[PDB]
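This report refers to the structure that appears directly beneath it.
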Amino acid sequence: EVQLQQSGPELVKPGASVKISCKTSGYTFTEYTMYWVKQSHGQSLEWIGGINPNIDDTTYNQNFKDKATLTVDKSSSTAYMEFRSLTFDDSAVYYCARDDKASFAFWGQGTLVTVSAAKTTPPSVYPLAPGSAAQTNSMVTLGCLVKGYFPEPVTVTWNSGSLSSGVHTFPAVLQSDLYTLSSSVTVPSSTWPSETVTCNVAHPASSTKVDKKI
Amino acid sequence: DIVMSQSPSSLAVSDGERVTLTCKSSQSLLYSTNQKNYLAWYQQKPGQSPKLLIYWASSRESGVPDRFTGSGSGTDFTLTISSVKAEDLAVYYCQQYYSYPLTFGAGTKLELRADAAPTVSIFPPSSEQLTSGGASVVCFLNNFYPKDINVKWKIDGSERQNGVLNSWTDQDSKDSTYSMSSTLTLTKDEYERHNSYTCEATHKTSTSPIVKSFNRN
Numbered sequence: 012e013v014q015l016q017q018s019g020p021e022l023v024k025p026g027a028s029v030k031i032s033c034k035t036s037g038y039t040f041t042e043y044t045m046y047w048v049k050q051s052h053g054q055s056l057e058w059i060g061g062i063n064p065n066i067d068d069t070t071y072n073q074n075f076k077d078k079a080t081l082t083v084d085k086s087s088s089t090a091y092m093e094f095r096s097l098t099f100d101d102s103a104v105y106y107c108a109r110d111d112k113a114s115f116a117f118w119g120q121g122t123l124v125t126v127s128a129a130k131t132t133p134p135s136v137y138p139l140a141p142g143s144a145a146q147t148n149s150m151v152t153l154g155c156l157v158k159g160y161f162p163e164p165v166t167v168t169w170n171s172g173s174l175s176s177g178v179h180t181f182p183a184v185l186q187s188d189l190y191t192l193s194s195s196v197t198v199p200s201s202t203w204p205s206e207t208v209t210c211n212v213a214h215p216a217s218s219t220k221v222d223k224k225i
Numbered sequence: 003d004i005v006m007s008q009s010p011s012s013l014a015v016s017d018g019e020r021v022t023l024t025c026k027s028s029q030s031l032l033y034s035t036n037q038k039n040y041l042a043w044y045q046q047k048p049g050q051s052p053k054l055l056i057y058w059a060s061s062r063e064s065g066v067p068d069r070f071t072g073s074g075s076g077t078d079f080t081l082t083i084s085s086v087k088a089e090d091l092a093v094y095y096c097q098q099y100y101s102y103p104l105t106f107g108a109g110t111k112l113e114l115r116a117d118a119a120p121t122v123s124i125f126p127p128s129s130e131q132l133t134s135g136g137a138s139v140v141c142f143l144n145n146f147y148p149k150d151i152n153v154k155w156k157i158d159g160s161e162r163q164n165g166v167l168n169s170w171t172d173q174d175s176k177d178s179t180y181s182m183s184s185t186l187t188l189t190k191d192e193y194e195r196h197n198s199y200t201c202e203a204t205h206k207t208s209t210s211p212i213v214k215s216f217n218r219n
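Taken in order, these protein sequences are the chains called A and B. Using my numbering, the letters of the first sequence correspond one by one to residues 12 to 225. Using my numbering, the letters of the second sequence correspond one by one to residues 3 to 219.
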């Protein structure tokens, strides 16, 4: 019906300025207003502000004072949003909201804007194995730790996609401007340690691929 | 500013039961000229855009199925679902359009059921970790329910809270369960000054906490 195309993810350093666009198609730009909603902490939604493209009416929230200034484009039929003085708390996903009527509002796909003072490092992985000689469970669990990579994401598979069942991927945590994650799969005792398993991690931003046999 | 509160935060439901959500505002959101209530209910899928379901808190939008209906006016706002489906796993919000600035709700998420519990996932540190100058012992909590759980790290009988990195996952799509990892990192000479490391976790379905430990030497 109406398409709200935005920009992609951006890797910015703290101190610079980022610009977020929201392309409009299928409807006239000079009739309806555009709003912006900031989504923080996964679930919490914060209202940024709004702009009327015809009469240049601009209102902003008290939490976004001297930070967000809204600008519209009357020739390319798109909206612009720029941020000033980016800090560590601005790591959030931003959406453009189309205020058509009081009945329905359309949304975009969102722009992932992460900010860190951070260099791209190859991930260092270490295999994990239980140090006990015997156990009571019929299943043996294994894993491998992924530490020291930037940026998100890293695709972690097991045995080249053959051991797809029973895999558990944990979300990353930011520690000293770099993310760390882990994974755990369940293996029956009839294979380990007679049959070897491998960890396959992939980083397309660094173009590396290291295989660790456990 | 007009602030809104939502209750409850989370609730576990089955397939086919009735779900009622409550949104409450501190002031009246009723406009007296047209008897309209300026509040709309939201619904956001994991990985998709948030969409609207109920506008003016009592009417249904085109494209929304007949199971989503709303009632209430002024202060109390209720969203009642007649029969939930498998695709109803989403987070709901309520937003007022009465006065500027606009505020959002706290967020309500539904869950599934039930009865998952772990026993042992203790992993000792490997030999490749100590060559880099550090040490890291991990504790996973796989196949557990509910997500309300407390983890505790014990080192030679002493409690240590610094350096604990917790990570929770979402609900599984196969057995409707959760998974949680807890990683305690430290330096290399602190690992050699201690022998025993106890991984403690307390659960709701058990009357005794599960204790398990391992030795270095």
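Each residue gets a CB set at the ideal place from its N, CA and C atoms; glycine is no exception.
Interface partners of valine 184 of chain A on chain B, CB under 7 Å: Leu167 and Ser169
For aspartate 110 of chain A, the three-state DSSP class (helix, strand or coil): strand
Status (buried if at least 16 other CB within 10 Å, exposed otherwise) for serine 123 of chain B: buried
Residue nearest to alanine 92 of chain B in terms of C-alpha spacing, selected from B:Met6, B:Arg195, B:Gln45 and B:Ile4: B:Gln45
Host alpha helix (DSSP H) of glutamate 113 of chain B (start-end): Not the alpha helix (DSSP H): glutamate 113 of chain B falls in the beta strand (DSSP E), residues 110-113.
Residue-level contact to chain A via CB, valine 5 of chain B, 7 Å cutoff: no
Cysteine 107 of chain A vs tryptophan 58 of chain A beta-carbon contact at 7 Å: no
Among B:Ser169, B:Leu81, B:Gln29 and B:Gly165, the one whose alpha carbon lies nearest that of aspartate 150 of chain B: B:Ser169
First and last residue of the uninterrupted beta strand (DSSP E) at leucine 15 of chain A: 14-17
Short Cβ contact (7 Å threshold) for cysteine 155 of chain A with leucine 139 of chain A: yes
Residues that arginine 62 of chain B bridges to, as DSSP identifies them: B:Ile56
Counterpart residues of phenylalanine 79 of chain B in DSSP-defined beta bridges: B:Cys25
The region 174-183 of chain B in contact with the region 191-198 of chain B per 3-pair CB rule at 8 Å: no
Alpha helix (DSSP H) segment containing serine 129 of chain B, residue limits: 129-132
Buried versus exposed call for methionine 150 of chain A [16 or more other C-beta atoms within 10 Å across all chains shown]: exposed
Short-range partners of chain A found in the region 78-102 of chain B, where Cβ spacing is below 9 Å: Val93, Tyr95, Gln97, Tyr99 and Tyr102
Bounding residues of the beta strand (DSSP E) (the contiguous stretch that carries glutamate 21 of chain A): 21-23
Three-state class that DSSP yields for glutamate 57 of chain A in the structure shown: strand
Inside the region 116-189 of chain A only - alpha helix (DSSP H) runs reaching at least 4 residues: none
Any C-beta of chain A under 7 Å from that of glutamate 194 of chain B: no
9 Å Cβ cut-off: residues of chain A touching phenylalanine 70 of chain B: Correct list: empty, because the minimum Cβ distance to chain A is about 14 Å.
Continuous beta strand (DSSP E) stretch holding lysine 214 of chain B: start and end: 212-217
Residue-chain proximity (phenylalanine 181 of chain A, chain B), Cβ-Cβ < 7 Å: yes
7 Å Cβ cutoff, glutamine 37 of chain B in contact with chain A: no
Minimum C-alpha distance to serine 51 of chain B - residue among A:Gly159, A:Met92 and A:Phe117: A:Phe117
Beta-carbon proximity of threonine 44 of chain A to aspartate 110 of chain A, cut-off 7 Å: yes
Own chain residues within Cβ distance below 7 Å of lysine 111 of chain B, not counting five before or after: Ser12 and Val93
DSSP-derived helix/strand/coil call for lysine 190 of chain B: helix
Short Cβ contact (7 Å threshold) for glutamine 50 of chain A with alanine 90 of chain A: no
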